[PDB]
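Working through the structure, step by step
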Amino acid sequence: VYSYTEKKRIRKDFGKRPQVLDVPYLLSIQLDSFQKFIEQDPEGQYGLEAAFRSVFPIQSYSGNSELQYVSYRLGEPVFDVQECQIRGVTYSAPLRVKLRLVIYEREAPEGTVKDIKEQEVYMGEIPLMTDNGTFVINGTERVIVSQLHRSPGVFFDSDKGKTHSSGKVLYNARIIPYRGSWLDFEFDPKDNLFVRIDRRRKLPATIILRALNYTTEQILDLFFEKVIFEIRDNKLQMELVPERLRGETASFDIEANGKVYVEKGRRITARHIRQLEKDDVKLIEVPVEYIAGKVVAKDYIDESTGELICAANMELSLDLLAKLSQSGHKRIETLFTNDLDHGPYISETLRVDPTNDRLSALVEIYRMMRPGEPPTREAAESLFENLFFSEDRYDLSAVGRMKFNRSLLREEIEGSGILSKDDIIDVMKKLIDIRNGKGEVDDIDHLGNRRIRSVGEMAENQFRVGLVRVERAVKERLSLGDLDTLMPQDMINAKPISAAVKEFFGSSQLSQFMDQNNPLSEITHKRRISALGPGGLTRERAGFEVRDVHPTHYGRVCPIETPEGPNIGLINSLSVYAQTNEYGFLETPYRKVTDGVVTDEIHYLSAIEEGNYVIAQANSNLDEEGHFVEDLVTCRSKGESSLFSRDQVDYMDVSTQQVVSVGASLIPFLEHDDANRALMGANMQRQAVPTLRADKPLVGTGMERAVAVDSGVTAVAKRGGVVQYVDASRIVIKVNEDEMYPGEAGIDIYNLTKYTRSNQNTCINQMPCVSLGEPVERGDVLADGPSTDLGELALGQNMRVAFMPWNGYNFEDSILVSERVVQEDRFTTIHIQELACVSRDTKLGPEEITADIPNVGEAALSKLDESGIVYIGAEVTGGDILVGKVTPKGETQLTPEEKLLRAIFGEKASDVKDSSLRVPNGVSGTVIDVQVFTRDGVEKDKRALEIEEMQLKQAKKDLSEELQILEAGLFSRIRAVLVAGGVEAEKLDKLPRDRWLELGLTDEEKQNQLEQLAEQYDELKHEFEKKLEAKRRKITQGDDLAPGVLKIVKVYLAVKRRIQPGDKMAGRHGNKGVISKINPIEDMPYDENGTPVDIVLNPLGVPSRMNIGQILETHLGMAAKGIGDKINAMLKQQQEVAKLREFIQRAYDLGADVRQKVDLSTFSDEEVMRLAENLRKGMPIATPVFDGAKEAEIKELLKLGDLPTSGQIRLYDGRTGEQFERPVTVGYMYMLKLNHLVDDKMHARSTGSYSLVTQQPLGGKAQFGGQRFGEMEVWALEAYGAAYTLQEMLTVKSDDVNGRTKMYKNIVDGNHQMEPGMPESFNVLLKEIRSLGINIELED
Amino acid sequence: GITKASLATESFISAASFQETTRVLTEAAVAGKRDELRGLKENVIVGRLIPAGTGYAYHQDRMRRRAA
Amino acid sequence: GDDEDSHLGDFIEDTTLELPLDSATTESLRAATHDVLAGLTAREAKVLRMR
Amino acid sequence: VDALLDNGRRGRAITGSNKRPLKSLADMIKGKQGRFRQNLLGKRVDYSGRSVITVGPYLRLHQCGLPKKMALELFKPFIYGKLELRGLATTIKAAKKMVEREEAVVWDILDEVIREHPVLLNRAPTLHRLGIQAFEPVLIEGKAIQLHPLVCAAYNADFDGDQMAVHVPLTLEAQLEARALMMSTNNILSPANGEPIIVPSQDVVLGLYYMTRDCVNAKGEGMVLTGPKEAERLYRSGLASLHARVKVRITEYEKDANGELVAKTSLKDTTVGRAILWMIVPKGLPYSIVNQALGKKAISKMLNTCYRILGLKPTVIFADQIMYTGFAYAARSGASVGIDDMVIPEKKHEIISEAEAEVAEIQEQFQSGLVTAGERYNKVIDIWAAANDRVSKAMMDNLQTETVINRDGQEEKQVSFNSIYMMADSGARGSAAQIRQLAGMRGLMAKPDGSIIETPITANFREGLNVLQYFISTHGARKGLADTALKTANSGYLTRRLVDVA
Ligand SMILES: [Mg+2]
């Protein structure tokens, strides 16, 4: 059972492994994010609700007033998408939020309000996402690109042995919030712990702990373990724990309870400690030299004096221990310390720490954050308690808290959004443990440490910024003075919020013009993962660590699609199956593997979970039940991939395409290409210009249909039915009764787009692919967009390529194109320009758009109508006037001899300067549209009135067609209803058709349906009138233009570029090349039957670049066209249906163990002739990315045709007529036509317009500029002896202002000689040095 | 080094059009320095004939004509 | 642009200049009108150079 | 004041309405966008344009193709001068209108002013002195600048969308410097070493390698020929193969005298290809300079020998003749590349199975603790490197000589006519390490950290890699791209420091 768009032409599939998961909706990321943004969430976790609840309610500064939030509603847009693109304004919807103002009573904290008032306040507009995922911002379609940044949380990272002479590794912990201050702990080469806030000057680490209201004794309790010392009136006993003793040297006899365990010269081993454990050893005698280094913990105050014998953290010596011995202190708590397991880091930090109390530490913190102003008791406390401990100025928030708790090994997953004392202590403890050796550092590039922001989250942040602005404004206004009986329509200013949201959507690094020159280009621009942007790394501060594919990109980010150039690996492209988590991280599907059975339940494993399992490979043959074929199956446990047993494997890959993106999975035979050439092929597949009639990929990948449908170019059916009327500009579908709603008599109408330009000036044009009276289904394709053929993405045309060197016309990378390729109009493409002619208001008056222009004949004004503007359909060429315009000019003051000429010959001076709009020099094409916009007070010329009348007539006609089609369908459905239950054959068409809607029927759903149909009819009749009224009001109204412009005229040309030497043409496997000749048909190498090849490639490009994919694509195209030629021969004479069915099903049966059985026994003798007429141009073949069509299958398919199995035939020369030795490789390779056309590249300049400050030429081809003769060319002329060419390059041609006119007059005068002088930029430099206090002069 | 020997030149324009301009210009201002235009970058900046190739004869003539 | 070195000050023309073609045409007109005025009498040439 | 003389030296920079720091005077002078490097050392220049480049093999190496539209826009003042000089225009205004309408008489004026006027073709990264060369224009119908093949090595140009800018020299000294100094025929030796820079590159060395070879039994083997003319008439008539061992009577001239040429005649054991090629070599050269297989080094050496002995004019004419005949016979060879030209060794899977058994043995001896983990890793790496070397040796010995054809007998070995082997051995765009990733195995790849993976990828591009192997062999490609994209920034600063010290 096949879909009706797939019975026209069935693509032959060569993949062996079945697919268990359907390719997802490719644009789900953008749509889901912006659905999370503009939505009503009762929980209020994400969206606009989570920003309103985050800011509001606002309370005045003890002014006993409160403004609180209630609800909101997104208004409706005033202009739809097409009107927004035509008029030139944002497609947005007004955000009207319902607010409530309440005033409090004095001496009433939460007391009863006395006066409340509520209203609805308009707070800006938020732009809306279109049906596909693109925003319309100012007429232009933009795409907001996702971002890949560092997730909030805590990250421990080493210094990996740099920045020190000896090579000690330094460890540092960083706490990154979502909004606020960065806090960073780091080590020192002396093992002193240092902290720093906001990357400022560092402080000793204990300063922040003291600021957290800790003493020294409490810190020593937090970070160390106590050792108790006791005295039985002598010998200074020491309580011992067996674990602590390790790693020491027992130079003395360690004994207990009259039993010797260690002797002289024996260090402590594990066996001695186990002896001590077995003997239950607690107390021991130790000499004073053993305790001569220990550190006291707290302060031991004397019994009688009360003076300080010893404070916290001071090492005990013989004298101090002797002093505290007789004072009545038989207990001494000390600090346990080692050299490798427990370290003295906090102790050394405390001994470096200068501060002594909370206030001293607070002052020491305030003296770095605010250097220069004197500290205060209140100010330092405010600063510190406002740094990391205020929800207004610190958020983590949720993903930050989850990462924070996961990194510290806590159990709870959600918590507060602000720091706490135990959190900083835990970070410090974890860093100390990392230093000791317990844990291990993280890596930033790990795709479990990097989130993915999208449109919804970025737009929400930018909206919350505007809300903070309006909060400050309201709180300033609300708390002043009075109440003052005012509704909340004046405390809120709508501009600071709309300005923020428009600053985001309009001018941001991540709000990019959508490349629109393909379905693939759009659908791969929307699925982009940029690493740059606001909050992300700069292009120059990006090392070589974040530009390498990491082992956790397998399934989440494509490895072979990143833009080569200055940012390789910062603009990754999201993979096919990958999707965002609940928090933001990327995840990819995997098939759960039971004890031995590969199930079909799909678990999405994130980047951190996937490392704990053992995941199999997608190239792992199962024995048709799930059990692996061999016990040793290649897997990948954690980064490293090795061999694991079948009982040990736990997950399996879902499909074999999930590694690569959606653009690098349309390349057939990817597994043979090199990685560089696959990268270049993937990047050049998205520049293909849509040709005049896009054909088909004769060797595809099965991913063409998904890309074509899941984009927006093709118009897919919404409800299945039967096509009622197909026009070149609309399609009318009659829905089946099964899918029809009870209420309306629905017949769907699809309006197609005809010749509208894209952002890249190509042409967008949808043609119907269905015919009148033909079934359709849900999700079936009706109209093909640009570069689409029956719902398959066809980017270029496939042509009979050949691989041989041909007289040097394909020398380095060039191509040699036959003249049949240019005659057949197959690489021609339609580009649609747009020229604009704005008439402004100068000081000397307005500018007219009249058709009477001075100093211009009538042969130039032949194509202008009476109103000045050009006709529609007038084939204009370069230099022709399009829109005749004049500008007032005065203060003539002709020089002498000009007054003489005028006095002798009459012909007084012209008082208006001709500044009309004319076709650019070089382009030449028809004029297909002229739009005129007028200001709201200017009289309209005759042509604008003609355009308005035509548009009103067309709008009235379109509304009439809508009402007439829907009315015809409704009456037909009512007639059909009035047949069942009340059969009236000819009793029904007698009466007027308006009174059918009142009769009766028996007791079923149809008698309470005539009322529904009457309601639908009345609603349609009112809808026609309301739409007509609104449309007429919109057409007739004035426009809101820029301040100062009277009227704009915009002329759309349609240029058709054919093909020429210089046009860049590439294939899919990264083999670019510039055409170098257009051979005649006779000169091309004709094969043994007289058919010439169409393109002659070069063999030497293959072995040194190793894109062996193209040779195999050539062979497979040869085989596919062989099958097509066999079908075309059987059809050329009317053969039979039996032989056609036999051969087609014999072609669909090869080869070895493929899926996709296409048994033609059920096809119904008219679906076989249609299929065999769609296959007569070559049988399409699908070769999935890593599933492949092996060489045995290619050779078998070549044997099925007439063609030789080698793939190489004997080719005769065209000009000599004598055979080429060494048979050459011919086939059918799919050639694209990239968007680097030679007539957009070439320009030349002899004398143009010069810049302002430095009198030098301008930039290229738009200001008619000259080529930069930069520094390196100056060196290349100094390296020769050319000192005159150099001097005229930098004096006469460029900068020196008198010698350039003198040289022009000399060249015209027949004398080639320059009087050079000195540049003008040198005089600018002299003025700019002299305008300091520096005197620089040219003295002789 | 290459950079430190290119910055330490008798001419100060062939060193100011190199890396650091503020330091070179302040030192050449307080020192009252004087540039005699003997290299190639000075004559490129000023806009005259290079003293190396075809301009070598011209520069020799301008040298011998001076003070003679 | 989305970079440096594309500053708006590099795109503003100098509209206080005449084209070198204008200078060449003015010189050609000056020479042509001098040669035309030469082909007249001295008194009339002086009266037309004074008027 | 201190924010005007140099903004941002003390404290923080003051910002305008853009919330960006605004430029002081010291920022007008300093840096890559200051007056010193953006406007004084490098300038934008009139009389100049650019376009995409193509091949055009029919040119001699002192001329370049220039579109009529570019050559009409760059050469406008000369056209106005010639139109008013020859009397076709009343003044310069009428001449301007005449060249604007593109009248049929302005193309003759354009061909008159173009005749002996060089143009300076320049490619954007002008790394060395031979990046600017002057050619004589040839007016061409199109929009692409046609560039002679032999100068693509010097420009480092390839035709996959690269574009070059042309400049016009105006005065008489500029034309004479573009003709006597910078011309394309005056730069055929590199300025870094004496070696030639116009050596034939890839199609022509393949054509000349194919022409000058020998197979053990071809048509017309053993004939005796009366000269190169008879050899060519034998080959073009279909009576002798291009490589058949014959005896020809060649007359070579030697300059053993003190400047005189002595003609001597002998009988040489050569082929038809070498005899045909001997019609192109000039007088003074010997015959043992073409009696070889003539790879790429041999052709470069032949050009260098001709330059050292004869001079400059015969070297230029010789270079043009070599390019023409190389293109002709590369076209007539029909040398293609198919999927049967990448021969897997007959014993690849046996070697791989032996290496896998040996590494399993090493693993089992490791699990008993007899070897440290590092020693085990190093032994695994050495085993796989040895296996890779054995596979490469087997592939190359199956590729270079597996051809065997008989001469009136049983069998006889010879060098192979495998297309990929010819393209690798002749030096025409390939090497022995680019192959063996097509037929052999492609070895062990490294990780980003530096360690080479223990298990190598035992598959090549003839039979494809699987998902894990292709994902492993992607880090190397991205490191290569990310090093070529940022090594240029180091080299362009090293060369600037060097230029400004010297
Ligand atoms: Mg290139």
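Of chain A, the UniProt comment under Catalytic activity reads exactly: "RNA(n) + a ribonucleoside 5'-triphosphate = RNA(n+1) + diphosphate".

1. A short note on the pattern of salt bridges
All names here are of chain A. What the rule picks out here adds up to 88 salt bridges over all chains. Among the salt bridges present, the one from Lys-235 reaches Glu-285, with a minimum N-O distance of 3.8 Å. Pair noted here: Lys-235 is in the loop between β14 (226-230) and β15 (237-239) and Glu-285 is in strand β18 (residues 283-285), with a separation of 50 residues, a long-range link. Exposure remark for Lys-235: the relative accessible area of 45% places this residue in the partly exposed category. Several salt bridges converge on common partners, so that one network encompasses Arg-9, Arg-11, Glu-704, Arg-705, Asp-789 and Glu-792.

2. Thoughts on the interface of chain A and chain D
Listed per partner, the contact involves 138 residues of chain A and 134 residues of chain D. In this assembly, chain A packs against chain D so that about 12200 Å² is buried in total across both faces, 61% of it on carbon and sulfur atoms. Three residues, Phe-811, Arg-1222 and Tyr-1280 of chain A, lead the burial of chain A against chain D; their summed loss comes to 7% of the area buried on that side. Here chain A is connected to chain D by five salt bridges. As a salt-bridge pair, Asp-340 of chain D and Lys-1195 of chain A come within 3.9 Å of each other at their nearest N and O atoms. Our enumeration of links across chain A and chain D arrives at 43 residue pairs in polar contact. Looking at which element gives the most residues to the side of chain A that touches chain D, the answer is helix α27 (residues 1271-1279) of chain A, with eight residues. Residues belonging to the side of chain A that touches chain D are distributed by class as follows: 67 nonpolar, 44 polar and 27 charged. Here three bridges tie strand β55 (residues 1243-1245) of chain A to strand β2 (residues 48-54) of chain D, and the two strands are oriented antiparallel to one another. When the bridges of β2 of chain D are listed, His-1243 of chain A appears paired with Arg-50 of chain D.

3. Some remarks on the coordination of the magnesium ion
All names here are of chain D. Protein coordination of the magnesium ion is provided by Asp-158 (OD), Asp-160 (OD) and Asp-162 (OD), with donor distances spanning 2.3 to 2.8 Å. All donor residues of the magnesium ion come from one chain, and their arrangement in sequence is D-x1-D-x1-D. For the pair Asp-160 and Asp-162, one class covers both residues: buried.

4. Regarding a negative patch on the surface
On the surface, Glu-540 of chain A together with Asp-2, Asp-3 and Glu-4 of chain C cluster together into a patch of negative charge. Here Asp-2 of chain C shows up in the segment before α1 (20-38).

5. Side note on the environment of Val-168 of chain D
Here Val-168 of chain D lies in the loop between β7 (163-167) and α8 (172-180). Residues within four places of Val-168 of chain D in sequence aside, it is in contact with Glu-1288 and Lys-1293 of chain A together with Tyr-47, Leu-74, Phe-75, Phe-78, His-117 and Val-119 of chain D.

6. Thoughts on the packing of aromatic side chains
Residue and element names in this part refer to chain A. For the structure on display, the rule yields 24 aromatic pairs over all chains. Aromatic pair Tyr-613 and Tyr-651: ring centres 5.0 Å apart, planes at 80°, arrangement edge-to-face. Here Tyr-651 lies in strand β29 (residues 651-652) and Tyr-613 lies in the loop between β26 (598-606) and β27 (632-634), a separation of 38 residues in the sequence. Judged by its relative accessible area of 31%, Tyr-613 falls in the partly exposed class. Overall, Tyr-651 belongs to the buried group, its relative accessible area being 5%.

7. A few points about the interface of chain B and chain A
On the side of chain A, 18 residues touch chain B, which itself brings 14 residues to the contact. Of the roughly 1300 Å² buried where chain B meets chain A, counting both sides, 68% is carbon and sulfur surface. Considering only the side of chain B, the residues that lose the most area to chain A are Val-44, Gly-47 and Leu-49 of chain B, jointly responsible for 30% of the buried surface there. One can count one salt bridge joining chain B with chain A. Here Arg-34 of chain B and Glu-1339 of chain A are joined by a salt bridge, their closest N and O atoms 3.4 Å apart. Where chain B packs against chain A, one counts three residue pairs in polar contact. Of all the secondary structure elements, the ones that give two or more residues to the side of chain B that touches chain A are α3 (21-30) and α4 (41-46) of chain B.

8. Thoughts on helix α24 (residues 1167-1174) of chain A
Residue and element names in this part refer to chain A. Those residues of α24 that sit buried are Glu-1167, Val-1168, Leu-1171 and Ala-1172. On an axial view of α24, the arc spanned by its buried residues comes to 130°, and they lie on one face. Of the surrounding elements, those touching the buried residues of α24 are α22 (1109-1132) and α23 (1138-1147).

The rules we used
- Residues numbered from 1 in each chain as written, not as in the entry; some residues may be left out.
- Chains lettered and ligands numbered in written order.
- Part of a larger assembly, values for the part shown.
- Heavy atoms only, no water.
- Residues with missing side-chain atoms left out of burial classes, pairs and counts.
- UniProt positions renumbered as here; feature names shortened; annotations may be inferred.
- Salt bridge = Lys/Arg side-chain N within 4 Å of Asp/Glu carboxyl O.
- Helix = DSSP H or I, 4+ residues; strand = E, 2+ residues; numbered from the N terminus.
- Buried < 20%, exposed > 50% of the residue type's maximum accessible area, 1.4 Å probe, protein only.
- Contact = heavy atoms within 4.5 Å.
- Buried area = accessible area lost by both parts, 1.4 Å probe.
- Polar contact = N/O pair within 3.5 Å; in protein donor to acceptor, adjacent residues only side chain to side chain.
- Nonpolar A, V, L, I, M, F, W, Y, C, P; charged D, E, K, R; others polar.
- Pairing = 2+ DSSP bridges.
- Donors = N, O, S within 2.8 Å, 3.2 Å for Na, K, Ca; no water.
- Patch = residues over 30% accessible without salt bridge, like charges linked within 9 Å, V, L, I, M, F, W, Y side chains within 5 Å.
- Areas by Shrake-Rupley, 256 points an atom, 1.4 Å probe, with all protein chains shown as cover.
- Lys, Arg positive; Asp, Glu negative; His and termini not counted.
- Charge placed at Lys NZ, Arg CZ, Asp CG, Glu CD.
- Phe/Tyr/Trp six-rings, centres within 6.5 Å; stacked < 30°, edge-to-face > 60°.
- Arc of directions from axis to C-beta.

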